[PDB]
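What follows is one structure encoded as structure tokens, with my remarks underneath.
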Amino acid sequence: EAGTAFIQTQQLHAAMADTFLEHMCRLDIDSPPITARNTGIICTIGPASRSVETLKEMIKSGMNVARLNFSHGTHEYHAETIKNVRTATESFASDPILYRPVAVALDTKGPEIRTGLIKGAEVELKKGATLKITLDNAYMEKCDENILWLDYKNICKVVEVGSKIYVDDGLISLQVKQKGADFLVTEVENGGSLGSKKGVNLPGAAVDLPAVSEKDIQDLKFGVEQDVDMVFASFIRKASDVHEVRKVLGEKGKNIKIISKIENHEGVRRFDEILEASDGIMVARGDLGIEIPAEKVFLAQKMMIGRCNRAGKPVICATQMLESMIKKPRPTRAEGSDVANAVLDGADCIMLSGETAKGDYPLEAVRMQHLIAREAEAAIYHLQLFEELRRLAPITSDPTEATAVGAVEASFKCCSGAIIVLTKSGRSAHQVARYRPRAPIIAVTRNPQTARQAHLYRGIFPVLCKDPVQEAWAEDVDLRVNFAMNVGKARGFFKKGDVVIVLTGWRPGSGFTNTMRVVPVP
Amino acid sequence: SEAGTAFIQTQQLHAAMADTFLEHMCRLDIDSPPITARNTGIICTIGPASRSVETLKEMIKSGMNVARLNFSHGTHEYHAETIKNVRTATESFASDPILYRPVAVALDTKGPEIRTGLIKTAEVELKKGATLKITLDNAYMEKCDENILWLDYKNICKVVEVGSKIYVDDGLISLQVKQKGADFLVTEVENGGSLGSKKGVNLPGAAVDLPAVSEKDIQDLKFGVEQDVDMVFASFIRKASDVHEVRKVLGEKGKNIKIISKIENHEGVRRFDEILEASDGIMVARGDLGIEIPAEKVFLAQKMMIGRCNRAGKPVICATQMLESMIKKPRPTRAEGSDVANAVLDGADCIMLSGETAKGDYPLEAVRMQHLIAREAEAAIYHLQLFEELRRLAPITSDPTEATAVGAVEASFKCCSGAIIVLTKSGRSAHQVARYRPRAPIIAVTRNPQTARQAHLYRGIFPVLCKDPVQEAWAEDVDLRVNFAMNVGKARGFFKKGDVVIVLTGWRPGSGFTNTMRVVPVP
Amino acid sequence: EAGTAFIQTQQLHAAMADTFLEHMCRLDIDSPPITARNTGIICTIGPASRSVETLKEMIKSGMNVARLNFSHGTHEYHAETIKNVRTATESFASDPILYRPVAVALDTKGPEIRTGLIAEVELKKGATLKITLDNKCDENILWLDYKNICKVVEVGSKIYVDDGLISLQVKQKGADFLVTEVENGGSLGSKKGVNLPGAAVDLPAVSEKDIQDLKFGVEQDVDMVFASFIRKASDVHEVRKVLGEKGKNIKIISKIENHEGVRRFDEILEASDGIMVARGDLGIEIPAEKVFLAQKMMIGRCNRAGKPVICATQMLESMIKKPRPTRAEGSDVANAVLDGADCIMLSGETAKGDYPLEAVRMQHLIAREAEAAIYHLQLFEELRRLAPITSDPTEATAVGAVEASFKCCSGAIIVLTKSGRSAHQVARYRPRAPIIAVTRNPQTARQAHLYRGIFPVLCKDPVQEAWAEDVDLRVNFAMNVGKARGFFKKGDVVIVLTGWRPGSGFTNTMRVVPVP
């Protein structure tokens, strides 16, 4: 096999139900899944998971993307994580059929509001009471109940009367009564224990902090040097923030995908322009949950995933996934359901955080994610997804687009085992993925970066062809198609006598993946 | 460059197809030019008014796709020279392959007939209410008059009852049978009129037992094979065994000749399904049906038969009483414009003109007018619904050609393509596309001359005959054929630089299936 | 049973086909029709048909509306026709189950350009012909009574003569004479009709004579007016003005007879109560390759608006001399029905031909056969999707009635209506089941015939003191009419529309009711 996630046996000839309701009634928990796991698994690599050995096991169990969290660590430390990721990835390269591309993602620390120290270190903040938030440094090393300092100079500009301010990522709540001439005076809504350099969130305030801190500028230039596939850009509030990130990555980093993290109210409010400007979106439920009423976050998640699905842009669901698996070898029922529901809402990828970065069971976390994501696939109602996305786009006439919608249509009609797409940039495979076929998309490419970036898209299984370009265009095609047939047979996607859809250009160095073939598997 | 006037059919590809049939009707505009090409085939009967090489050339230029020969009259030698003139006219355009329009030759048999005897030519006046005795007794063959009538159908009596109608001379004279003898009938003249010598008889509702193929038809079918006709229109088909008989006589030499069954009576309508299964296509002969069946049911029979043909993906031709007024006038009635148009809208693949082109005074104007009406009727077809219904009825399979043909039609609607280009040897791939009824014209590129001619049986196929030799690189042989079809479509005004067309081909030489679809911008 | 059109037996639990194509595929010429005849029949009354005896037989054979052509005849002559129509109609009053309302239609003469008098001269094609106003008939000289042709004709105009049989081409005017050349040839008799292309005709839409005819119609209590030569909204407004206050309930049906009417159709429709498509007149200016489009477009727009549309002219012409129609005529009629026409009108066939009775019965036969080919599922689905999104209770109620009628395979939708409004709303959505509109207003009953699928019945019973008893009595009358006509039987289901509580007028109440 070469890993517990390698073989994902499909059955192609099930009756598709005429209604969503019937699709639900037919679910059967005693039935093994009969579909591939189509959602991407992103794991945060840190102290628990950064050894070459653990990483190999994680790749086997279904990790597609390694996330590096630049909130902590030096460049040296993260360069050594990346090197171990690439060693573990390349250890499977000897067998091109069993090689799984693994992407590297750099997640920036991003703009932050921090308190100043207690004196340096705890203080008890009293339900009711008053607290003055002060702003000049002559009060930074001394806090306690009376006063509190923080580094965001413009708080007073962006806060109004009755605004919430949260301290220590949600713990302490505050209610601003008056803006007191470059000061703030606050009623303690919640109250708890207060420490030093604790994070501050401003629900519904249009924070004025730069798109990119100087620390992020240096971390993004390191990402370019280190050849990363994508960046997760923090606290994105407007289209300009994205353009700034893109400016920093410049010409050398132009092929690096920018995933915008939506972590506050302004980001949700300005989502359309953020989406316009971005390559993808990450929904940070934890951070949204501080910034926005608890009970609206599920609305915000569903909206963002629907809009991304409509634009054909990758969306990653993040934070609070299998967080209990930091300390235990199984997740709760509720975690299972939350993960499942993100896949069912239409997420392309699910990201694991502390569960893989620093906890006691990184391996089991990956495996459990793969199990849940794969079981969720039974409850996806493919017909409706495809029918609605088809119905919700213009004429276009872009040959590659027209051919993508056709391949997906053909995949349903023929109950195909796969859609094989030959692609240099990945674009055709991405265009196929936005129409949400049931069949796996086998994206055959010679470009190693294309192959790694393809993991951002639901349903793309990237395979990296290492064979040189054959002279005769038609036999170069048959060779890449052959490689795909062999992977798909080996992963149990299909077998002899099944049918697959094949997408290609026509003749060498053509503009457009504009050629669709329906091909029996030999 | 226009050597036609049916040749240039300028299409406008970029308007939204309405979301309802009702809205499509509401948006019809008599003041704007048609934006579609003329997709139904035109079949013209060639006779004294049309058989010269010169008239035939202009008939091709005006839209004629198929030359019909009516073997009801004329000798083998008369019909052989007609066929020769059709081919001389057709081949006069071969010098420019872009202007060349394939033209098919169809042979329409006389078929089985019931005929009366002689009036000792002389006529006698039959009067309503009077009694007429019909006798089989041949001692009377030559002495028909106002009291006794001899017919040559020796089984009439087996097949008729008291109450039964008998029509004579194309429905002019009606008799109801009042007493049923063994060798004879006695009947009340219901209608009345002047009865001539050797006139045709119809038995409405009677399961007529004459042979599928007369002695004269066997001779005519063998001549068809020798003359390399493209199709036969077989008369008075009543049941599956009738079609098998025709197929047996055409035999192995005639195996590629298409058999179109003419439905001309009640039994044919009733046994339509078995006839359709056995036939290559169907011709609805409304005039004949009008005698054989209550006049006011014929429109139901037509709609029914055209529907079943569309469902089966088999050509259906509507014939008789099309632009008949144009035998003597240079313009048709409003009613005829409407009846032709409604046969197009019913789903007809082709329309056939008869005396209008065979013997009338304005053969050329009948062709021109048929083309005008058919092209305007196109605006009124709601293409989207036909396709969606045919897609949803089709038996579900994973067969690659069919998935590809359906996909190609789907893409043609979604990209508003200017054409579907299909490279086809036998024509099958192009026929598979046509049966899904795209709005866009199908340009079927073939090197097979016969394939090119027979393609006209299907609505929407514009066949072009590629003359170039087979290139050594398959990919180059494809682009050569595709380029040719591009040149043709540009010249006919189907599309232009910037537009998109759908292209269907195989994948490598021979292989098996036309399983490749490309969405190609027009260079 | 009194008459050949009375019993229209139905079978209800069909299963409608999933596609239009399957619907066509399942047509079967040997099966008797299993639906009522839903299309209205309008007959022109004239010398052959104006006797009480003939009118009675015509009613029994399916005539729903009697058209009076005021192109000819005096007020005295028409008053007597109307009196005969009403005598014949009221002869059936004595059994209310058997009583069929019959409407009277007044068709205006309108403006008419007409030639003079000399035998037939053959205008051989190409050969001169000058027109004169000087109050003589060969290839040079022809006179006509439109004093302003010269003012309205500019070198290159066309002049049609005798119902488009001839077409002359002016290309030199002389402000009193015109010098034409024959463009289309034919034989030319005496005292003919003439037309000009586009909007050239400036003659008033309502003439002094039309004003007198329309006021006559008001005093004779006619149900509808067929307004000739309507070319724009303001022609409709002038007719409505003349009919005025007293004639406010008279339906105005604008006749579309020329290219200009087609061009300005949207405003004519808006301003009219309905439309008549005069195919023959259309075919004078408009070529044969376009007339069928105009017909389909106009019937389509009428259907979308919910306004009655009548197909007229060249229907069963051959039946003027023959007792049977041709195949082509049968098809032409059937195709008007399938196009969505609410009524079909007979002209010379009933007015002056030898077989008035047979032309009616044969119209009925064809219209009833055409019903099998109508795909009611799609009509309703589409008209539902294209209706403006209102909350109007009467509209929601009508749509719900039709939907319940399909779901329940109901034998009928029974509508209790003083004004007919609710029955008209239901007919717009094209149910398969017949609409039995129960009314005590005789005008409502008569005007109902303009709408496809309405069977109007006139309740003669007095109002019951208890409202629910008054409702049950009218519904019971409807059940009886429907059983006698064979629409349904005991054990079937019907849809019933009413108001809630006495003397409303607002029909917002739907019930699903077993046939007892």
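Please go through the stretch C:264-288 and pick out each residue that is closer than 14 Å to B:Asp29 by Cβ and at the interface with chain B (Cβ under 7 Å from one of its Cβ atoms).
Answer for the stretch C:264-288, where residues must be closer than 14 Å to B:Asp29 by Cβ and at the interface with chain B (Cβ under 7 Å from one of its Cβ atoms): just C:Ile286.
With the checklist (1) of a type outside the set (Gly, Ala, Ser); (2) within 13 Å of chain C (Cβ to nearest Cβ); (3) under 22 Å from B:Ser417 (Cα atoms); (4) loosely packed, with under 14 Cβ neighbours inside 10 Å in hand, flag the one item B:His14 doesn't pass.
Only one criterion is unmet by B:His14, namely (2).
Being crowded, with 16+ Cβ neighbours inside 10 Å and charged (D, E, K, R), is that true of even one residue in the stretch A:116-125?
Checked against the condition, which is being crowded, with 16+ Cβ neighbours inside 10 Å and charged (D, E, K, R), the stretch A:116-125 yields no hits at all.
Among the residues of the stretch C:189-234, write down those that are polar (S, T, N, Q) and either out of contact with any helix residue (DSSP H, G or I) (no Cβ under 6 Å at 6 or more places or on another chain) or within 30 Å of C:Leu123 (Cα to Cα) (or both).
Selection gives C:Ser190, C:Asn195, C:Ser207, C:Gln212, C:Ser228, C:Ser234.
Filter the helices (runs of 4 or more DSSP H) completely within the stretch B:303-393 down to those with at least 3 residues that are more than 24 Å from B:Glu23 (Cβ to Cβ).
Of the helices (runs of 4 or more DSSP H) lying wholly inside the stretch B:303-393, those with at least 3 residues that are more than 24 Å from B:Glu23 (Cβ to Cβ) span B:334-346, B:355-358, B:363-379.
Check the stretch B:295-313 and report whether any residue there is more than 11 Å from chain C (Cβ to nearest Cβ) and either surrounded by fewer than 23 Cβ atoms within 10 Å (Cβ to Cβ) or within 30 Å of B:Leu175 (Cβ to Cβ) (or both).
Yes; the residues of the stretch B:295-313 include at least one that is more than 11 Å from chain C (Cβ to nearest Cβ) and either surrounded by fewer than 23 Cβ atoms within 10 Å (Cβ to Cβ) or within 30 Å of B:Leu175 (Cβ to Cβ) (or both).
If I go through the stretch C:256-268 residue by residue, how many of them are farther than 18 Å from C:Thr108 by Cα, touching a helix residue (DSSP H, G or I) at 6+ places or on another chain (Cβ under 8 Å) and in a helix (DSSP H, G or I)?
Count: 5.
Which numbered condition trips up B:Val340, out of (1) in contact with a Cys (Cβ under 9 Å, 6 or more places away or on another chain); (2) surrounded by fewer than 24 Cβ atoms within 10 Å (Cβ to Cβ); (3) within 23 Å of C:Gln314 (Cβ to Cβ); (4) not acidic (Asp, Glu)?
B:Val340 satisfies all of (1) in contact with a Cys (Cβ under 9 Å, 6 or more places away or on another chain); (2) surrounded by fewer than 24 Cβ atoms within 10 Å (Cβ to Cβ); (3) within 23 Å of C:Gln314 (Cβ to Cβ); (4) not acidic (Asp, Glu) except (2).
If you scan the stretch C:275-285, which residues turn out to be of a type outside the set (D, E, K, R) and touching a helix residue (DSSP H, G or I) at 6+ places or on another chain (Cβ under 6 Å)?
Passing the criteria: C:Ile275, C:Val277, C:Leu282, C:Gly283.
Among the residues of the stretch C:413-449, count how many are within 14 Å of C:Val309 (Cα to Cα) and out of contact with any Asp or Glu (no Cβ under 6 Å at 6 or more places or on another chain).
6
Which condition breaks for C:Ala334 when tested against (1) under 30 Å from C:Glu395 (Cβ atoms); (2) facing chain B (nearest Cβ under 7 Å)?
The one condition C:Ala334 does not meet is (1).
In the stretch B:58-84, what count of residues is obtained for those that are assigned to a strand (DSSP E or B) and surrounded by fewer than 19 Cβ atoms within 10 Å (Cβ to Cβ)?
Summing the residues that are assigned to a strand (DSSP E or B) and surrounded by fewer than 19 Cβ atoms within 10 Å (Cβ to Cβ) in the stretch B:58-84 gives 0.
For A:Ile281, which of the numbered conditions (1) in a helix (DSSP H, G or I); (2) buried (at least 19 other Cβ atoms within 10 Å of the Cβ) fails to hold?
(1)
Within the stretch B:25-46, which residues are in contact with a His (Cβ under 9 Å, 6 or more places away or on another chain) and not in a loop (DSSP other than H, G, I, E, B)?
If the condition is that a residue be in contact with a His (Cβ under 9 Å, 6 or more places away or on another chain) and not in a loop (DSSP other than H, G, I, E, B), then B:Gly41, B:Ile42, B:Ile43 are the ones that fit.
Run C:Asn480 past the list (1) touching a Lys or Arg at 6+ places or on another chain (Cβ under 9 Å); (2) surrounded by fewer than 22 Cβ atoms within 10 Å (Cβ to Cβ); (3) polar (S, T, N, Q) and report the number of the one that doesn't hold.
(1)
Select, from C:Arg279, C:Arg231, C:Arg263, the only residue that is touching a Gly at 6+ places or on another chain (Cβ under 6 Å) and under 27 Å from B:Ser32 (Cα atoms).
The conditions single out C:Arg231.
Can you go through B:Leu393, B:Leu353, B:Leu384 and tell me which one is of a type in the set (A, V, I, L, M, F, W, C), surrounded by fewer than 20 Cβ atoms within 10 Å (Cβ to Cβ) and more than 10 Å from chain C (Cβ to nearest Cβ)?
B:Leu384
Do we find that B:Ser398 is farther than 15 Å from B:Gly460 by Cβ, at the interface with chain A (Cβ under 10 Å from one of its Cβ atoms) and not in a helix (DSSP H, G or I) in this structure?
In short, yes.
When you go through (1) farther than 29 Å from A:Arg246 by Cα; (2) under 13 Å from the mean Cα position of the chain (by Cα) one by one for A:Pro314, which number turns out not to apply?
(1)
In the stretch C:61-85, which residues are more than 19 Å from the chain's Cα centre (by Cα) and either of a type in the set (A, V, I, L, M, F, W, C) or within 19 Å of C:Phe6 (Cα to Cα) (or both)?
Selection gives C:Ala79 alone.
Only strands (runs of 3 or more DSSP E) wholly contained in the stretch A:436-522 count here; list those with 1 or more residues that are of a type in the set (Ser, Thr, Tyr) and more than 14 Å from chain B (Cβ to nearest Cβ).
A:441-445
Could you tell me whether any residue of the stretch A:107-122 is more than 25 Å from A:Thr54 (Cβ to Cβ) and assigned to a strand (DSSP E or B)?
Within the stretch A:107-122, one or more residues are more than 25 Å from A:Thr54 (Cβ to Cβ) and assigned to a strand (DSSP E or B).
Scan the stretch B:407-426 and give yes if some residue there is surrounded by fewer than 24 Cβ atoms within 10 Å (Cβ to Cβ), part of a loop (DSSP other than H, G, I, E, B), charged (D, E, K, R) and away from every other protein chain (no Cβ under 13 Å), otherwise no.
yes
Output the residue which, of all residues in the stretch B:31-48 that are among the aliphatic types (A, V, I, L, M) and buried (at least 20 other Cβ atoms within 10 Å of the Cβ), is nearest to the other protein chains (Cβ to nearest Cβ).
Filtering first and then ranking leaves B:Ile42.
Would you please name the residue that is surrounded by the fewest Cβ atoms within 10 Å (Cβ to Cβ), looking only at residues in the stretch C:358-377 that are farther than 15 Å from C:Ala5 by Cβ and within 7 Å of another protein chain (Cβ to nearest Cβ)?
Ranking the qualifying residues of the stretch C:358-377, first place goes to C:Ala373.
Each value in this text was obtained by applying a stated rule to the coordinates, not by laboratory testing. Backbone-built Cβ (ideal geometry, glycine too); neighbour counts: all protein chains shown.
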